[PDB]
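# A structural walkthrough
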Amino acid sequence: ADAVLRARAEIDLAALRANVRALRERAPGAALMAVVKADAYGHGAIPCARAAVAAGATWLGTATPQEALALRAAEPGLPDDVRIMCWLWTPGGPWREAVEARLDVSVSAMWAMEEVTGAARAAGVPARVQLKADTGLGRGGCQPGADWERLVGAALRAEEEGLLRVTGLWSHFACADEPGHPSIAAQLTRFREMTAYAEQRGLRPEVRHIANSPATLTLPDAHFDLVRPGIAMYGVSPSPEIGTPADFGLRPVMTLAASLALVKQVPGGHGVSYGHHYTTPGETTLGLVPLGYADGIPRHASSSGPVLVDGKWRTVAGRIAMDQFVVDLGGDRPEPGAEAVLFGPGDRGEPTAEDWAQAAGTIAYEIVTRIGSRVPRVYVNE
Amino acid sequence: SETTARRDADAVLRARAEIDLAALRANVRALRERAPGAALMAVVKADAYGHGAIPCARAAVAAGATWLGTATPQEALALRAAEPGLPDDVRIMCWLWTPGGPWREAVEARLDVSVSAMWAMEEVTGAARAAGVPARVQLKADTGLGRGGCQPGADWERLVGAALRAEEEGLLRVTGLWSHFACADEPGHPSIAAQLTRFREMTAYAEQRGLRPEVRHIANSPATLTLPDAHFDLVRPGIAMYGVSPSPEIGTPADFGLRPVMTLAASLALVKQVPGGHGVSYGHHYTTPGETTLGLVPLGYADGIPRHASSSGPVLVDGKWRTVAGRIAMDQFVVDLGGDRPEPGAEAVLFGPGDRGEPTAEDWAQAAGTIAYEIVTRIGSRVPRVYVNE
Ligand SMILES: *Cc1c(COP(=O)(O)O)cnc(C)c1O
Ligand SMILES: *Cc1c(COP(=O)(O)O)cnc(C)c1O
Ligand code: NA
Ligand code: NA
Ligand code: NA
Ligand code: NA
């Protein structure tokens, strides 16, 4: 009750559920994976995972093995039949703990194939392995040609020894948020080639999957067996080029709000905040919003971030500080403690995360994900 | 336990922020030398600017800091509650208050609390009345920053008057008068003198009316480093304590006898050969110019690697500086290794003090169009801190 007075990030789990339902409707031939990496994109890993699973997600996706292990360890437990996949591995990571926790683990390289095979051997339980194909993104993923040939061969031998099963073949798009970008078709072609190859050699995955949010929303031919619509599950559109949340029956899950710390009159010609990059044009009132870049308010939104205060959109006045920023209230005199709504779903006349993204020269994914740990999350409709 | 040690040893494999507390102690000594007339406050807000509030507070107190500074009352209360405790005689100040906050709990914990406004004067006086123990109040003057303090003139007249009435009722003592600079990182900016002149005037007024503060203070890091006339009784050199210079205009850390406290490093997750004409990362903003090797660094913007440093952020890998290739993702980014074939798991050093040929937080600030304060402070909770020289 006390930390929330300054500020809070309200997480509407009924919105999250509604988004999962909308995404399931949009991808009727596929299972839906709830991507809950990075503390569920800043929304809270476990509560969001629970909600998504209640709304019909049958897979959970995380980056690190620690994130996936925390899901498995949650109490009360998520259903034991939910598949949990993690993909960001480094040498010497906790492969054995993952295998014992029945996680689907991604493998993009021989080193990881060797480590997971060794861990399955030492645990006496077979691993569930997803082979990642680099189809054109040039990040994670095994390259086509000899690398893929070798990896597929090593996977087959490990299957032959009862040490694992390849449960999936997957990849990830570079440019799916730009509809008609040529790389999209090129990646889908290479994905079909590489998965056809793996299956010809003998692998029998349960799932094949490539689609992130923008592909889920715009490319039914990319749905395959499983879709991974991360940002959309949080009700945020991947890009204005793809559309608005409303275009897809989505509703932003996070509302970020604060309580004014100070409301004061100042003369004209008064500088505001570091460097004095704003100067009051005449006698006015200033409002102090007690969130700053340590809380995830991006310093790049200096002079531009929008905030609903006392019935009107205000903008940041000058530089955002570590813990606070100022707005010029133009003579209005809300009371101290009055609500300042930085972003939300938008139906109360407040800004959206996408407005902040534009103000900060970034994408809405970065805005929601990097809301700081100093801001308490308040869960509604759990 | 062995199960807890293996868990810790496990998260550090991907990445870590190494926090050298001997560097922090050295910085505190350097800053105390620089401000010989004043007590030093260790500003440990925002989880010690991303370094860890309690360990950094302890190290700063060991090195001679006699005040700790935090933004929120919750941060200040957490310092008081630390076990083993910090010395009971260290003063802890907090300044970022909102209506209905825990004034009574702060008064009972003997915190110095900042007040900029009549609402807060009323709330803290009420809390002191309910607790039956006097509050320690610092009045903040708005001397020109236009953020948190009380405006000169009638507002300050009213606030000083209210404080005097509260003192007369035994409900508080005004233990400080303070302010904060707008432009101290820009030496010779005319606002600096303007603020100091206003500060002197407002504090003189308060004392003329009867207030007797223990400390007057206005100096942040760049004022501490450059403006001895601003030291007054107490200095608050936040970023410098962490070894980071407030701006290249002020100077380098080495110019002030400072050393960066944080080193951010990761272990490569993948090293692979790719052909020429291969796009790299979202939007394909980088395309390989010929056959090359790519290295995957398993940190991304969820870990505090700013997305603005896409195509520019520097990283030491396998003996050379590399730059981010294309877009930084949520959890990873790629570098073009130009054919080099380090081992998976090899160390990628993003920033540190710079003596091992690695970049500094200032290099990332420039890459990302920001200030080094933002770089260190926003390193994500998903990156474990490893404390050395406790
Ligand atoms: C982060 C992530 C996703 C989800 O991406 P969105 O754009 O948020 O839908 C899908 N797959 C992988 C591998 C990811 O890393
Ligand atoms: C953050 C802060 C400081 C320290 O600022 P630096 O530039 O890091 O030294 C000093 N005082 C106050 C009130 C602050 O909020
Ligand atoms: Na790919
Ligand atoms: Na501001
Ligand atoms: Na300090
Ligand atoms: Na000021």
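Residues numbered from 1 in each chain as written, not as in the entry; some residues may be left out. Chains lettered and ligands numbered in written order. Heavy atoms only, no water.

### Points about the overall build of chain A
How we decide: Comment: elements are numbered from the N terminus, with helices defined as DSSP H or I runs of at least four residues and strands as E runs of at least two. Restricting the calculation to C-alpha atoms gives the radius of gyration, and the globule rule supplies 2.2 Å times the number of residues raised to the power 0.38. Classification of residues uses two cut-offs on accessible area relative to the type maximum, computed with a 1.4 Å probe and protein chains only: under 20% is buried, over 50% is exposed, and between them is partly exposed. In what follows, a contact means two residues having at least one pair of non-hydrogen atoms within 4.5 Å. Where accessible areas are quoted, they stem from the Shrake-Rupley method and a 1.4 Å probe; at the residue level, only the protein chains shown are allowed to cover. Neither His nor the chain ends contribute to the count of charged residues, in which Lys and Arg are positive and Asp and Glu negative. For charged residues, the charge sits on one atom: NZ in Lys, CZ in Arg, CG in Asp, CD in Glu.
Within chain A, the secondary structure is distributed over 12 helices and 19 strands. Taking 21 Å as the expected radius of gyration for a compact globule of 382 residues, we find that chain A reaches 24 Å, a close match to that expectation. Across its three principal axes, chain A shows a C-alpha extent of roughly 80 × 45 × 40 Å. Counting all 382 residues of chain A, 63% fall into the buried class. Pairs at least 24 apart in sequence give 68% of the contacts found in chain A among residues at least 6 apart. Per element, the accessible surface of chain A, about 13,000 Å² overall, is 49% carbon and sulfur. Distance between charge centres in chain A, computed from 36 positive and 43 negative side chains, equals 2 Å.

### A look at the overall build of chain B
Helix and strand counts for chain B stand at 13 helices and 19 strands. By residue count, 62% of the 390 residues in chain B fall in the buried class. If you sum the accessible surface of chain B, you get close to 13,800 Å²; carbon and sulfur atoms cover 49% of it. Chain B carries 38 positive and 45 negative side-chain charges, and their two centres are separated by 2 Å.

### With respect to the sheet that holds strand β15 (residues 314–317) of chain B
Residue and element names in this part refer to chain B. Condition: When DSSP finds two or more bridges between two strands, those strands count as paired. Lines fitted to C-alpha atoms define the axes, with helix axes restricted to the stretch in contact, and inter-axis angles between N-to-C directions lie between 0 and 180 degrees.
The strand order across the open sheet built from 6 strands is β16-β15-β18-β10-β1-β19, with neighbouring strands paired in mixed fashion. Two strands in the sheet have a free side with no partner beyond their single neighbour: β16 (320–323) and β19 (385–388). Neighbour-to-neighbour, the strand axes of this sheet turn through a mean angle of 30 degrees, independent of strand direction. As paired strands, strand β10 (residues 262–267) and strand β18 (residues 347–351) are joined by 4 bridges and run antiparallel to one another. Following the sheet pairing, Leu264 is matched in β18 by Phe351. Relative to the sheet, helix α2 (residues 21–34) contacts β1 (15–20) and β19, its axis offset from that of β1 by approximately 40 degrees.

### Description of the coordination of the sodium ion (ligand 3)
Residues and elements named next belong to chain A. For clarity, the threshold we go by: Here the coordinating atoms are restricted to nitrogen, oxygen and sulfur within 2.8 Å of the metal centre, or 3.2 Å for Na, K and Ca, and because water is not among them the sites may look incomplete.
Around the sodium ion (ligand 3), the protein supplies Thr135 (N), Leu137 (N), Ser171 (OG) and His172 (O) as donor atoms, at distances of 3.0 to 3.2 Å. Mapped onto the polypeptide sequence, the residues donating to the sodium ion (ligand 3) form the spacing pattern T-x1-L-x33-S-H. Residues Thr135 and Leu137 agree in their burial class; the two are buried.

### Concerning the UniProt feature "binding site: substrate" in chain A
Put simply, the test is: UniProt positions are given in the numbering used here, feature names are shortened, and annotations may be inferred rather than shown by experiment.
Residues given the UniProt feature "binding site: substrate" here are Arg139 and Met322 of chain A. For the residues just named, distributed over 184 residues, the greatest C-alpha separation reaches 32.8 Å, placing them at more than one site. Here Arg139 of chain A is to be found in the loop between β6 (127–132) and α7 (146–160). Look at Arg139 of chain A and you get buried, because its relative accessible area is 5%. Setting aside residues up to four positions removed in sequence, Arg139 of chain A forms contacts with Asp134 and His172 of chain A together with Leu270, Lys272, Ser281, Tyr282, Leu296, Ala329, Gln332 and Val334 of chain B. Within the secondary structure, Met322 of chain A sits in the loop between β16 (312–315) and β17 (325–328). Its relative accessible area of 3% is what places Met322 of chain A among the buried residues. Not counting the four nearest positions on each side in its chain, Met322 of chain A is found in contact with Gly292, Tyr293, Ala294, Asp295 and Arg374 of chain A together with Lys45, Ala46, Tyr49, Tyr373 and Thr377 of chain B.

### As for the UniProt feature "active site" in chain B
The feature "active site", as given by UniProt, occupies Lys45 and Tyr282 of chain B in the numbering adopted here. The greatest C-alpha distance among the residues just named is 35.0 Å, and with 238 residues of sequence between them they are spread in space as well. Mapped onto the secondary structure, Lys45 of chain B falls in helix α3 (residues 45–49). The residues contacting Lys45 of chain B, other than those within four sequence positions of it, are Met322 and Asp323 of chain A together with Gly69, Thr70, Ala71, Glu75 and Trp95 of chain B.

### So, the UniProt feature "active site" in chain A
UniProt feature "active site": in the numbering of this structure it lies at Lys37 and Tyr274 of chain A. Residue placement: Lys37 of chain A occurs in helix α2 (residues 37–41). Excluding its chain neighbours within four sequence positions, the residues that come into contact with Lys37 of chain A are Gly61, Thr62, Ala63, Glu67 and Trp87 of chain A together with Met330 and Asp331 of chain B. Relative to the elements of secondary structure, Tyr274 of chain A occurs in the loop between β12 (271–272) and β13 (278–279).

### Details of the packing of aromatic side chains
Quick note on the threshold: We call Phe, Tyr and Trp rings a pair once their centres come within 6.5 Å, taking the six-membered ring for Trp, and we label the pair stacked below 30 degrees between planes, edge-to-face above 60, and tilted otherwise. Cation placement over rings: the criterion is NZ of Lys or CZ of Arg within 6 Å of the ring centroid and within 35° of the ring normal.
Evaluation of the coordinates by the stated rule reveals 14 aromatic pairs over all chains. Measuring from centroid to centroid gives 5.4 Å for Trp87 of chain A and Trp170 of chain A, while their planes differ by 45 degrees, and the two rings are tilted. Of this pair, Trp87 of chain A sits in the loop between β4 (83–86) and α5 (95–100) while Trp170 of chain A sits in strand β7 (residues 164–170); the two residues are 83 residues apart in sequence, bridging distant segments of the chain. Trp170 of chain A shares its class with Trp87 of chain A; the two are buried. In this structure an aromatic cluster arises from ring pairing among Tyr41, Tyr234 and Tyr365 of chain A. Its guanidinium or amino end placed over the ring of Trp170 of chain A, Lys132 of chain A lies 5.1 Å from that ring's centre, counting from NZ or CZ. Just above the ring of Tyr282 of chain B sits the side chain of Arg139 of chain A; from NZ or CZ to the centre is 4.2 Å.

### Overview of the side chain of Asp331 of chain B
By secondary structure assignment, the location of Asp331 of chain B is in the loop between β16 and β17 (333–336). Since its relative accessible area comes to 6%, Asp331 of chain B is described here as buried. Every residue in contact with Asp331 of chain B, bar those within four places of it in the chain, is listed here: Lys37, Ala38, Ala63 and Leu88 of chain A together with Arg14, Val297, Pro298, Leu299, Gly300, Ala302, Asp303 and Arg382 of chain B.

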